[PDB]
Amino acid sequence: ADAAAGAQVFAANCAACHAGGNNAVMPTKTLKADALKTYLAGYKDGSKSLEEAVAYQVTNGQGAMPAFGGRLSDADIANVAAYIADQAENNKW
């Protein structure tokens, strides 16, 4: 997928709550590498890659994290998942 495209998807859809890779609503569940490994389903136990685990979360929602399946294309979701993985793993935030 395309992380650069994903930065645009993020700006349009995610930055209200996750500017800086943080979380304005639930402060512990950030988009940083340590928090993602602690909290994110699938990724947390090695059953999914970070990209796949983020795509699932984005598509389906959790708590006050909205579901974007049907609002964003599969491509956009894959791209934003690639973007988060890249930002987190590379400590770019």
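Note that residue numbering follows the sequence shown and begins at 1.
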Of 70 to 78 and 6 to 14, which one has the bigger average CA B-factor?
70 to 78
Residue 65 - which third its CA temperature factor falls in, relative to the rest of the chain:
middle
Consider only the C-alpha atoms of the modelled residues in this chain, order them by B-factor as the entry records it, and name the third containing residue 45: lowest, middle or highest.
highest
Going by the recorded CA B-factors, say which third of the chain residue 59 sits in, lowest, middle or highest.
lowest
